[PDB]
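Chains as they are written, first to last, in the numbering used here: chain A, 1 to 50; chain B, 1001 to 1110; chain C, 2001 to 2359; chain D, 3001 to 3357; chain E, 4001 to 4356; chain F, 5001 to 5370. Even for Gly, the Cβ is constructed at its ideal location relative to N, Cα and C. This report refers to the structure that appears directly beneath it.
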Amino acid sequence: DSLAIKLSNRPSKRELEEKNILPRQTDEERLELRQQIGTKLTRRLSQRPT
Amino acid sequence: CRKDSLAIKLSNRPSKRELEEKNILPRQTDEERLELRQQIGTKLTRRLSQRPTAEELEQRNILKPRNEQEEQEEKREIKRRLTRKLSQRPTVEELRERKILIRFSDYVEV
Amino acid sequence: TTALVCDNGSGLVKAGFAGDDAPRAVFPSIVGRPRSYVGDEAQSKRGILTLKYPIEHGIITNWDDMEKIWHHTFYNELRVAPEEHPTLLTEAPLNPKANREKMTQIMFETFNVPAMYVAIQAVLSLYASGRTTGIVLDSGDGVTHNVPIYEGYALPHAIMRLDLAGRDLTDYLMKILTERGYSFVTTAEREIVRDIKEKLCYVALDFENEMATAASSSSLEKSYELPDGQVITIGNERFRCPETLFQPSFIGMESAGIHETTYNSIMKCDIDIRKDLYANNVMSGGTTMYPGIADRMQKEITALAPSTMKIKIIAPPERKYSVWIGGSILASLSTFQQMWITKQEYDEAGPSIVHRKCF
Amino acid sequence: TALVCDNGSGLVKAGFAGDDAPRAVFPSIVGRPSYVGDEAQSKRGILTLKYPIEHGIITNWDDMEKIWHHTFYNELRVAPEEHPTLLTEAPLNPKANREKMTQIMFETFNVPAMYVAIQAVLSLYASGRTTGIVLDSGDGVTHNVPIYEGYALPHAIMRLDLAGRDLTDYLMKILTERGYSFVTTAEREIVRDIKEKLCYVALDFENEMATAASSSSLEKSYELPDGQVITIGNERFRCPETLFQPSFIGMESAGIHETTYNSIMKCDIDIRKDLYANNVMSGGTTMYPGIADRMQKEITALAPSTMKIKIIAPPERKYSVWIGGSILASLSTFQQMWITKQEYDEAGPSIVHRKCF
Amino acid sequence: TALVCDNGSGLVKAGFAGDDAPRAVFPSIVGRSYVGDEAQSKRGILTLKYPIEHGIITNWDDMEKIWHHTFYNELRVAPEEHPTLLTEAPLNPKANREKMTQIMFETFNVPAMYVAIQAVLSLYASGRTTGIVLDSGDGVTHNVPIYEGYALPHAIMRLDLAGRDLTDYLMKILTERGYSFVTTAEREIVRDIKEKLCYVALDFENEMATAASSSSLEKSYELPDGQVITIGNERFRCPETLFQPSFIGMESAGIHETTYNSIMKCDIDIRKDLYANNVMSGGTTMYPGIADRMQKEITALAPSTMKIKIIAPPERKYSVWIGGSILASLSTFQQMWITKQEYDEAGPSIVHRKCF
Amino acid sequence: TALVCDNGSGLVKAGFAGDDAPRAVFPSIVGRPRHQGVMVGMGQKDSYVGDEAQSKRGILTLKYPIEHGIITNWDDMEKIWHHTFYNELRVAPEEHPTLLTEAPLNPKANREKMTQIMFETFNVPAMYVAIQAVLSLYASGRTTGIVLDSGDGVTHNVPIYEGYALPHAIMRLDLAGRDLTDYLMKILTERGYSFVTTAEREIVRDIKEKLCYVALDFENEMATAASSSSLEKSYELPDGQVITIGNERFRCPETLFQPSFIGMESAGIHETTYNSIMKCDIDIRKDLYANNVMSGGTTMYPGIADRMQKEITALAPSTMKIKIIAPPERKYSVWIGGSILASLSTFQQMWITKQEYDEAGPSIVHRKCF
Ligand SMILES: Nc1ncnc2c1ncn2[C@@H]1O[C@H](COP(=O)(O)OP(=O)(O)OP(=O)(O)O)[C@@H](O)[C@H]1O
Ligand SMILES: Nc1ncnc2c1ncn2[C@@H]1O[C@H](COP(=O)(O)OP(=O)(O)OP(=O)(O)O)[C@@H](O)[C@H]1O
Ligand SMILES: Nc1ncnc2c1ncn2[C@@H]1O[C@H](COP(=O)(O)OP(=O)(O)OP(=O)(O)O)[C@@H](O)[C@H]1O
Ligand SMILES: Nc1ncnc2c1ncn2[C@@H]1O[C@H](COP(=O)(O)OP(=O)(O)OP(=O)(O)O)[C@@H](O)[C@H]1O
Ligand SMILES: [Mg+2]
Ligand SMILES: [Mg+2]
Ligand SMILES: [Mg+2]
Ligand SMILES: [Mg+2]
């Protein structure tokens, strides 16, 4: 009787990915992404105006 | 009926994505197409201007000069000569005697 | 040598190692003394002992308690020797000079760190997404800020501060759930309601329309089972709760909502960079985790801005910790290694050095 | 304005340099009681039709001259002496063959300039690359051509006499096995159209066969000109499956993924990474939906576990060869590259080898 | 009336939706055709193959034989007359479940079917949709963290150490005792001894010391031949392998450690929900004392103030099946079934979308 | 089928005997987490090897097991060999004879430890240890000549007579490819391009491999570079940024001939070649001069053979016949040599069998391998 109640309140898979509960990318993907972001950050901070 | 030829035709229609991949529905502006073609053109002119010569590519072991059979021949000949050279190999003592191994206690483990 | 990253929240401390994708330890910023325990252990013993909040509205107010928190962070949570690691700390926007000077002094003298740095939370939030220009909405437990940043420089004249955040939303949810007839007056009850807020709340795209939907059918209703096994049904409270961020008048505040403060922050900046600010709205902090908030912000900002302005709201799922992530990235950059304030430099210039070295 | 001519085994693609797409595309057939292309197909009943280009190599020079004449005068409506002309050629095209192409272009058509480019190389250029491996699958022939800095690597080139025409034939056979009869040439054209509109490459062939046998989800309907309606099931993916399993038509040859891998392996190990990361697909027979994903899967299955694999297959690929030419001939730095009429007059057919490489 | 089928590495559990227990439970073996107990009886004359190893179907023909035996021989039903809920292992490949669907619709002509993850059904059986399940059966052990009915694939832990391996180890230690246990029948006897007399020690060193100090832990088992044997520390050394896999030459961490690791791979926010909800399911979790030991170990690994609760009901040996039995009997589940018409329309693809 | 493993300071080359090229080439690095991860339990995946380690470089600290050609970290070396057998070649080490390469002047205790580890840890049925430069010589079908082997971490001159390396005349130079990459980074940085980051270092390495060459006359080439843009070349970065490189193309590898460019007092590779030749008996010098074999990646620069010819001609007697041998395959010639050697029929007696190792221990390698 509690089960069905808990089944009515189930989030969508998207809605779970939104909460950072289900990863949307492989570990390798997150790593490549991090490296990219890092090189970007490096480049931008390099030409940072005064 | 005719509405059945139509119903059978409607049921079959692909997605918009499917037409897109088939290049029936373009994914970009004629302007964007122009941008892309320009970028391609300039990258191309650059790489072509930098393009190395055939002999420069042969000395890099990318462009193979010898034919399959000719290469097989050189490989076989290398094996042959290496064997014939390795069999006729002197002793450490024979070299020590010939003032070739200046140091004693070098190769004495043999 | 591995650098450390410490984000000092009013409600939650996020701590970990530079280069890591997520903070190793996340714990409540409370200090407990008999009527010493810190964080979760303090919360467990909360009945036995009185609790003090060292960080209020993002700014450090009790230094002894803060030293206790930092000790607990290094030794109990991260299991490291502070003298063996460069340390990146976060600070609130508009943090007073004396405050950051004291941060530096305590880090070098008390904990004997070989190096340290102090970064603005919103700036780190911007950095975590690989950007150096944009406007950040950082909403945590105790305070909410809009911070416009151009090329890594926060623009102090255009910063907006709002003392409405997650804790206030929890209180409001308690109030409106109480009006419905469920009693949530007690602290334990406050915790169950806070969990309810985290699990069931969302931001309506059109508030009036969502109210109408809630009045029209039971479609929005959801059920939550309390620890006592009692079952409750929640309807419009789901979206009325975070609506307070857009309509602070819900709790008797005269302040404009976060969309309006975002717009005002943008307007206080020079017109030329304004386009760059609109296209880069980064949301960070736990109170930005409500589903639908990005879309709502998009709609409202589009509604206030010129009709053709390109608006982009950036709200990754990890945003609740994005501040920390930024630090983790920043402190892990090779080019950042020169940026650290070394202990020798601190010996030479004293607390003064942080102002020149960090910006 | 320069001209671009892609001499397909099945279709001639012709147009002007700088244009995004070829002005004229027509079948490469010559009809004799002379009719070329579309007109020959229209007159196909009255006269027997012959294919001058078979498996990508020019074999009948009179008919080829007829095709080029029709191209210049009837299709593009230009005077050949007023335009530099870029022609395409197949990979591993014999020296004498390209020499004859050059000789005919200068002496018969009196062009002020011309150039001969490898089709696969042009395909690579169209995507803005000069290094990578091209799978060029057309009407008559399929090639794997690895290319470094614009140079095709002859020792690693794979040739497969399995292409679109063969797939059409196989589709006729299997549709016949299903019980629909397609023996005549007009019926053949109908089957080709069925192939182009309804066929696709299954990602997992066994699972797709099982799916086709389990349910009608894959079934499609084609309305014949007679208004008869036919149903096609697994033939949709069994047809192009032949590319990966040539044994379907009695060939002992390896499939296109295996030939891609082998071609890659025949190249020096140092450039191999560069080859894996740049697979360009070109030609009409690469137009089947799902072929890129299948190729990704198979190449991933053959290559080292950590190797980066990238398949490049733009929607425009069916004409990408031509597009490459169109780009190349419109580049300013290319203008020096042309073989001028004076140079040809001086060196003869020999010059193409030196000037084009 | 719907059917519920749990496809175990060792035992198939089959029955009707709404029932308290599976109607039929039998070993999942194929003899070359003979299936299960009958196959075991004729095991001498013909060679026997295990279609399901470590929870994943590997021999489809044999699986079809097993399913045929399930529908016709065990349950006495016509498969075209019943919706069928099948179970699958955690991290079951897409092609595998697609093949399950294909076989169910094409071979057995079922009007409807569904595929559920075993650990999730185990969780539902306890009335939960959020928690972490330790499912240890005959061929494989899994840790499966689940949030709101969704299994979290990235955090699932697989261990190829289970009940059969424990039986083998018990045989090994019995060899150490001076008793010879080589035969299949003898293997069955040892399995029964393990199920009846084994338990999980709360403190392994202390229990070893108790075993060394006196005959107090020793117990006696009477064999079918009427011979009487005495078992001492073997009672707890056997299931200790679960906590110390190094006992059988495995480098893998123990089940408490894999539980902790599974919890750690999840988002920090859900960890509290996971710690407070450990559900144990499967036959290899039936050992007395296992819950207390797991409680102690997880408490030892987790933060000092974290609330830990281990849930291990008596019915757990069949709880997977029970979950399915519950699930297929809910009114709200009725829309969830993949109908034969729908399968006809979309094919095997539908199972991925419809079932989650 | 025998295996061939060339254990480089920078790159491991591994493959099967009889094959024309190594099946697997990967960086010789072992990566270990910087700090204890949030993961408890025996059988943890501690340590990453090669490509995966380079990809994961941010998360974990990286260690070079082989520096200047000599193995210094044995645990990490075991990790590399395990990865070689199982991940890269996909073989069972107990099922294959294994030929390993070693650096010139590799210590006795060191090779003894190599043999011991191979037999006890990997249970190979047979193995052999060959000098890299000697294999390089063998690959060209020679057993006598002088080899210049320049890799990632170290450069050697190794004179060899009748298959015997002559230890007293071997020259070692701690200047190689890695040092050249660093120098190229330095001079490009001086130009105003910033190459401080590791990714930038990899990019500079690629620039070195693609665009650098050895000038026949350094001063003349400097003058040409100053006179016109004719020598200038262009490199496109991964971010699509475009940079122009001028004299750096030949100033970088010029360091090999003028080590003073990086502050070293050592003689250049031509001078060390000459010295190595002179330390050998006078009777063999003619045979050495006529057989200079170059091997290793750092010998891949276009023009290096010609420059070497010029310098050696300048140092040697006026009438001496000088021949420099530098085939296109030289980057892997060491490995190739091994592949050939282990595939010879006459080599079959030469393997150290597991039984022989059982009888004599680590000691046996000295008698059996030479
Ligand atoms: N999924 C969620 N939905 C709604 N609110 C959430 C969610 N998760 C966390 N929160 C709220 O976010 C708040 C935590 O925010 P955060 O830890 O960023 O604050 P802080 O950094 O400690 O405060 P400050 O930034 O003022 O110093 C909590 O009050 C909690 O109620
Ligand atoms: N959309 C499509 N899907 C599948 N196949 C197609 C499609 N469009 C065309 N084809 C096939 O591609 C073939 C024509 O390809 P293409 O024009 O590249 O050949 P070609 O260049 O004339 O021949 P070759 O490359 O051998 O010289 C035709 O045989 C046709 O069957
Ligand atoms: N009371 C008990 N004590 C100890 N072990 C038991 C007990 N009951 C059953 N087992 C063991 O549990 C196993 C059967 O459990 P279960 O039915 O969960 O396995 P399964 O689900 O078929 O396996 P899998 O999940 O790997 O497919 C048998 O190997 C048996 O030895
Ligand atoms: N074409 C090229 N031009 C210039 N340098 C190159 C080229 N190819 C490779 N290299 C360099 O050669 C080095 C690798 O050479 P090699 O693999 O022979 O060294 P190694 O055997 O790993 O080192 P060692 O011999 O010291 O153990 C790399 O540092 C690389 O930069
Ligand atoms: Mg914050
Ligand atoms: Mg073509
Ligand atoms: Mg089970
Ligand atoms: Mg080497």
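Check	Outcome
Comparing C-alpha positions only, which one of C:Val2143, C:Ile2149 and C:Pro2351 sits nearest to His2057 of chain C?	C:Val2143
How many Å lie between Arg3272 of chain D and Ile5059 of chain F at the Cα?	28 angstroms
Taking the alpha helix (DSSP H) that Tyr2127 of chain C belongs to, which residues open and close that run?	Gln2121 to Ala2128
Looking only at C-alpha atoms, which of E:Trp4321, E:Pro4153, E:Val4004 and E:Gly4232 sits nearest to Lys4265 of chain E?	E:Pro4153
Please confirm if the segment 3229-3249 of chain D is in contact with the segment 3104-3113 of chain D, defined as three or more CB-CB distances below 8 angstroms between the two stretches.	no
Does the segment 5333-5350 of chain F touch the segment 5102-5112 of chain F, meaning 3 or more C-beta pairs lie closer than 8 angstroms?	no
Should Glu3177 of chain D be listed as close to ligand 2, given that the test is whether its C-beta is under 7 angstroms from any heavy atom?	no
Does the pairing of the segment 3163-3181 of chain D with the segment 3281-3291 of chain D give three or more beta-carbon distances under 8 angstroms?	yes
Give me the residue from E:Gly4036, E:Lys4172 and E:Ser4041 with the minimum Cα distance to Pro4051 of chain E.	E:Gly4036
Would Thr3260 of chain D pass as a contact of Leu3135 of chain D if the rule is Cβ separation under 8 angstroms?	yes
Is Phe2359 of chain C buried or exposed, if buried means 16 or more other CB atoms sit within 10 Å of its CB?	exposed
Return yes when the C-beta of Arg5178 of chain F is under 7 angstroms from any heavy atom of ligand 4, and no when it is not.	yes
So if DSSP puts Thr3085 of chain D in a beta bridge, which residue, or which two residues, is it bridged to?	D:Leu3003 and D:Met3114
Taking the alpha-carbon of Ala5021 of chain F as reference, which of F:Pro5362, F:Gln5355 and F:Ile5336 has the nearest alpha-carbon?	F:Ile5336
Mind listing the chain F neighbours of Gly2019 of chain C? Cutoff is C-beta to C-beta under 8 angstroms, in chain order.	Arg5034, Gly5058 and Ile5059
I need the boundaries of the beta strand (DSSP E) containing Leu1034 of chain B, first residue and last residue.	No beta strand (DSSP E) contains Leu1034 of chain B, which is instead part of the alpha helix (DSSP H) from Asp1030 to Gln1050.
Grouping DSSP H, G and I as helix and E and B as strand, with all else coil, what is residue 5404 of chain F?	In the structure as shown, chain F begins at 5001 and stops at 5370. Residue 5404 of chain F is therefore absent and cannot be evaluated.
Go to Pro4027 of chain E, then tell me how far its beta strand (DSSP E) extends in each direction, as first and last residue.	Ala4024 to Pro4027
Comparing C-alpha positions only, which one of F:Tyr5161, F:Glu5112, F:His5156 and F:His5083 sits nearest to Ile1102 of chain B?	F:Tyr5161
Threshold first: 3 residues or longer. Then list the beta strand (DSSP E) segments lying entirely within the segment 3117-3197 of chain D, N to C.	3132-3137, 3142-3148 and 3158-3160
Can you list, in chain order, every residue whose CB sits closer than 6 angstroms to a heavy atom of ligand 5?	C:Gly2009, C:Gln2121, C:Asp2138, C:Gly2140, C:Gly2285 and C:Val2323
Can you check whether the CB of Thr4070 of chain E is closer than 8 angstroms to the CB of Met4113 of chain E?	no
What would DSSP say about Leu5315 of chain F, mapped onto helix, strand or coil?	helix
Within 7 angstroms: the Cβ of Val2143 of chain C and any heavy atom of ligand 1?	yes
Check each candidate in F:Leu5137, F:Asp5006, F:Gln5349 and F:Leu5211 and name the one with the smallest Cα separation from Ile5324 of chain F.	F:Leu5137
Using a Cβ distance threshold of 8 angstroms, determine whether the segment 5004-5014 of chain F contacts the segment 5036-5046 of chain F, with at least three qualifying pairs required.	no
With a Cβ-Cβ cutoff of 8 angstroms, do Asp5281 of chain F and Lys1099 of chain B count as a contact?	yes
Between the beta-carbon of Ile5070 of chain F and the beta-carbon of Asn5110 of chain F, is there less than 8 angstroms?	yes
Using a Cβ-Cβ distance under 8 angstroms, would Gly2235 of chain C count as near chain A?	no
Label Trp4067 of chain E either buried or exposed according to how many other C-beta atoms from any shown protein chain fall within 10 Å of its C-beta, with 16 as the threshold for buried.	buried
Check whether the Cβ of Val5049 of chain F lies closer than 8 angstroms to any Cβ atom in chain E.	no
In terms of residue numbering, what span does the beta strand (DSSP E) encompassing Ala3040 of chain D cover?	Careful: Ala3040 of chain D lies outside any beta strand (DSSP E), inside the alpha helix (DSSP H) at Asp3038 to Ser3042.
When the cut-off is 8 angstroms and only beta carbons count, does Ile1040 of chain B lie next to chain F?	no
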